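Labels for the chains are A, B, C, D, E and F, by order of writing; each one numbers its residues from 1.
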Amino acid sequence: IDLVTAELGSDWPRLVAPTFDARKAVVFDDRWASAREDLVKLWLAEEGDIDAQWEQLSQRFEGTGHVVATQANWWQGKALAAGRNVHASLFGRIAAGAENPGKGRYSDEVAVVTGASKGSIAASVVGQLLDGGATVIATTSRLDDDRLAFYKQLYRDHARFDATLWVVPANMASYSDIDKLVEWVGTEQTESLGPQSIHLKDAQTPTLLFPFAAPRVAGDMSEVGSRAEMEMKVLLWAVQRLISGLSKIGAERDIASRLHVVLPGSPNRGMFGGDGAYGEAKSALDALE
Amino acid sequence: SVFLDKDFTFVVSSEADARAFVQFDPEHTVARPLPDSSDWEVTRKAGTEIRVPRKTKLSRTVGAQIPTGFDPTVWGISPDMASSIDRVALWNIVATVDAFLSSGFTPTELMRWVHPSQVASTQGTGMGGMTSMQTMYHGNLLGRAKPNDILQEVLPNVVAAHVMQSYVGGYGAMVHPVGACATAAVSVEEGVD
Amino acid sequence: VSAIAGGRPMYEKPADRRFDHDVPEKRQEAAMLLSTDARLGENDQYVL
Amino acid sequence: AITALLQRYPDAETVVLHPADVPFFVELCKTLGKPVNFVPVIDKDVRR
Amino acid sequence: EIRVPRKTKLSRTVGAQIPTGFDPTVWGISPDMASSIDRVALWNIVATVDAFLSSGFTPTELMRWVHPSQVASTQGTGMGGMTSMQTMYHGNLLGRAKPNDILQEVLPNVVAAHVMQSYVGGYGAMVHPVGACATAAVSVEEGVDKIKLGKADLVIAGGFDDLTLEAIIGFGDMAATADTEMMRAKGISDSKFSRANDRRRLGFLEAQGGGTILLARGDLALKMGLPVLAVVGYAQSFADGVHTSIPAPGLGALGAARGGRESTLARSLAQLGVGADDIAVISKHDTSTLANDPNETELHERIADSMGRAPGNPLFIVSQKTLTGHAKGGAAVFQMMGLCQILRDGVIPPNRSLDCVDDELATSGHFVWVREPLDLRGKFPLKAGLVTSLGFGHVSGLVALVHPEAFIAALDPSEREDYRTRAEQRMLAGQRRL
Amino acid sequence: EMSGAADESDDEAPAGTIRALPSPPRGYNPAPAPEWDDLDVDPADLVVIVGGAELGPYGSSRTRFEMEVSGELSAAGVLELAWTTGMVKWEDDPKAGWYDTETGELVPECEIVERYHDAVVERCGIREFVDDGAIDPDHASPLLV
């Protein structure tokens, strides 16, 4: 064990420790609950007039509709009176939104997105996928409630009808995680109630795959200089195993459905010398094709 | 409670029970796996705290007691109830039945003249559930097998709760006075109220 | 005198009126508590 | 000056001097350069 | 026969406990009292003092307006005196020196008996409900009952319970308490593990404490010139019925909504000129157990449905057990306290422990579960709350609470203006005393 | 340039002494329209709540309500909790003021939040069971066979 450590270094064994376990998963399939609380917050806090584009944007977010959400909107609207100008604008807009809710349609997309964290490109992609009536698997490296609360905030805003979001602790650096995660992603979609509570692993065949997981350079353990070597596992090799993993599930459970993997290539290799990371690493994606 | 002056002779115990031993003493107790039998030896060193059995003689040799040979079974209470419930429960349960017998029998006949939520139960206790209480505090500290329903059965209100579950089935009020010695008359007051 | 002699006076009820027909009575559970005048008929021997 | 301060803090008009602000004032009376013109407190030191 | 010392490891590592460093001595309780009385007594004793401090101080001032036999004490317990009980059964079997007053101090009524001896000194009624978890609301019911019949014009209503060793092992054995080893496995911090109506709700967090309220005749409150915190429009306890099944929860609290316009719930409202739609807030028992939450929800959903609650005018519900945890005896009083504070401030407290609403609760459309505080300002008033609590063994209860300003409307403009004058002077003098 | 801009700091003079305290609690009325008759309702038949209080994991009714509605204590919130938790003591010895009870140090009302509340939050509300009975149910509970 001393010889093995001598070759690989100090940080590699410590960072390769397992993380994922099947019992920490959290599923948010409720729009119906979050849409009701979302409307009443608008109705009470209404200030800006009808000229707002936010009212049109929020109406598209309130486009999630069924017998449940209609019973909410159609009510607070019918309970609204002629008392003031805001009450005149709210009642009319709500009645129109209640009518548009009745005829509302939906789409469906099943996606798995990594590197979805706050203030990132993928986070803007995630909320937009949710805006497109999709089903999205969102992974987060940090499992802390501050990260957990963010995705709840992001979902309760951009969620439409038919939209289901899934947040999980995940580490793309761990092969065990990758195997365990997709073994969870590909199994059943079943919940067994016996004497106890057992949730059989939810099976959704991925349409889109977004490997936006992006390790950053933070060297507290002294790991500096060896990272570009390790990330080559993460950015490519572990992606390869991730692509291979979902390929097995698709083949074993026998789907002809093509998983669309968007490969986050770095822009225009060779014409920039200043990036230092992106430009060189992503040129082998042409070799991956 | 006595402090052991010199190390006690080792005794055989299970791994689960012996690890527990370590959680109290740990500087003062010593536990080891026995390689062959997988069980553990428990050795108490000097300085451990031991509780040693003794006795006491008391002043009260006489009390007013329900006639010897009384059984809730003779009255027709099922054995499952007798087990699961405190002795005090058997008193209020049979009394309630015989209390009804003064007029009507079937408790649901009340639901003919009355909506079930208009049936009330006001039942006082000075303590109540005494047995079930003393059963937990002995049993737990003694690790003896004792029932899981103990704290439910020690609630002075649970006794007539048992009667409402078993007999009347009313949908209405339940109150349970504590009047010390005066609960009975205190109960009537609220029953009237 | 019938109770004293036979050991009859204590009968622990199966609660027939509660579950009497598995499907509707669980559905009728709400409707019972909601409406005031719903009660027991005597002729069926105390049905809900 | 008084108006300027207590306009900014209008609550000063409706409330009590804080129980911890009482010892502070009595403390200031003792450290004052020229001895206080009044009697702030009736106590053992009242003669002083 | 020898009894040999051993040990056990248990599941519950966490409880909701009074802030560390609390002393009855700091509040001013004498050392002689602290010794002689159970820990539960220190809770009800200090609470009673602070309860009075809301209006008057000297308990004998009540004897100015009222003959002492018209002062009542209605104080509930689930168990009460727990320490003093466990002190005897250990101590006696252990022959350890223990107090001689033990059985007196284990009587769940003795705690407020201690308060009546030490403080109020009233010559009037004493009642001490056992409602299991529902004692608090059950106590209010009888406190209300004592006044209307002229038996007593001033009552103290409340409930209290303690958290000890063998209180925990009774619940954990009964399976009703949330298992901490499982909570940590799911990545749940101690503050986040009590979650009402949540999909993941694992069972209740056990707590300790006590609380009390002073209920009085409306005519007396004006005459004494004390603060009016709220009007109790109704109070009721309700049983359930015959069944074998242990998970099957009591639904009998629906009996208050029976009759529609003729119902006790609606008539209580109607007498103030208040409608069924005018109950904005229900305070649920919200035990966070899987048995209680959906049942209490179905219950509140139905009591609204038959009384003609306007479709989609949902009752906004708070769960205080997610914060304070569940104290058996003093459960519904803490909710009773919160409800008064809801009415006067207008603010509806959030459930901040809610990650996700249980998908089963979707079937209830007259119920809304709020994760974030909705704060009602001066332009956004509120009207009437409802406290509901489900105790063990078919103990269920309902307390309808209504805003104070509904009562001031019965005085006529001259006397209404005269009362506001007195109440204003009391608040200033009350802020002083406090 | 930008690292340098981040690497080149400066100190704009800030002279501030802040304190925390408040007026006695007031009440904010709500706007409610009521059409009512006066003499109709018997005041003797009505039950009205005069006052109330509670002792619980979050402290009294004042501090508990602050934590429930707000989620954070005010000046009076931390001042009251620090008093109830016994962090702050009152001495008539010279310097005549509020003192820290643990370390025996004089304290003002401002630093109460900074010096205490971090520890207050931990040791109030819901937390791991602190053993005042010399027994831990979860760790070691005495058994006798």
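Convention: a residue touches a chain if its C-beta (ideal position, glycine included) is under 8 Å from a C-beta of that chain, and two chains touch if they have at least 3 such contacts.
Considering the contact criterion stated above, the chains in touch with subunit D and with subunit E alike are F. Chain centroids computed from C-alpha atoms place E closest to the centre of all protein C-alpha atoms shown.
When each chain is reduced to the average of its Cα atoms, D sits farthest from subunit C. One inter-chain figure worth recording: subunit A and subunit D are separated by 62 Å, centre to centre, where each centre is the mean of the chain's CA atoms. A straight line joining the Cα centres of subunit B and subunit F is 40 Å long. The centroid of the Cα atoms in subunit C and the matching centroid in subunit D are 77 Å apart.
The geometric centre of subunit A is 42 Å away from that of subunit E, both derived from CA atoms. Multi-chain contact residues, meaning those touching two or more other chains, occur in subunit C at positions 13, 15, 33, 36.
Within the complex formed with subunit B, the residues of subunit C that make contact are 3, 7-13, 15, 17, 33, 36-37, 39-40, 42, 46.
For subunit E in complex with subunit B, the residues that touch the partner chain are 1-3, 5-9, 77-80, 85-86, 89-90, 93-96, 103-104, 106-110, 113, 125-132, 135, 138, 141-142, 145-146, 149, 151, 165-167, 169-171, 173-175, 236-243, 252, 254-256, 258, 391-395. Residues 1, 17, 19-21, 23-24, 49-51, 53-54, 56, 115-121, 125-128, 133-134, 136-138, 140-143, 147-152, 154-158, 160-162, 164-180, 183, 186, 189-190, 192-193 of subunit B are the ones touching subunit E in the complex. Across the complex, subunit E is touched by residues 23-24, 26, 28-30, 32-33, 36-37, 40-41, 44, 68, 71-76, 78-79, 143, 145, 148, 152 of subunit A. Within the complex, the subunit F residues that touch subunit D are 21, 23-24, 96-98, 109.
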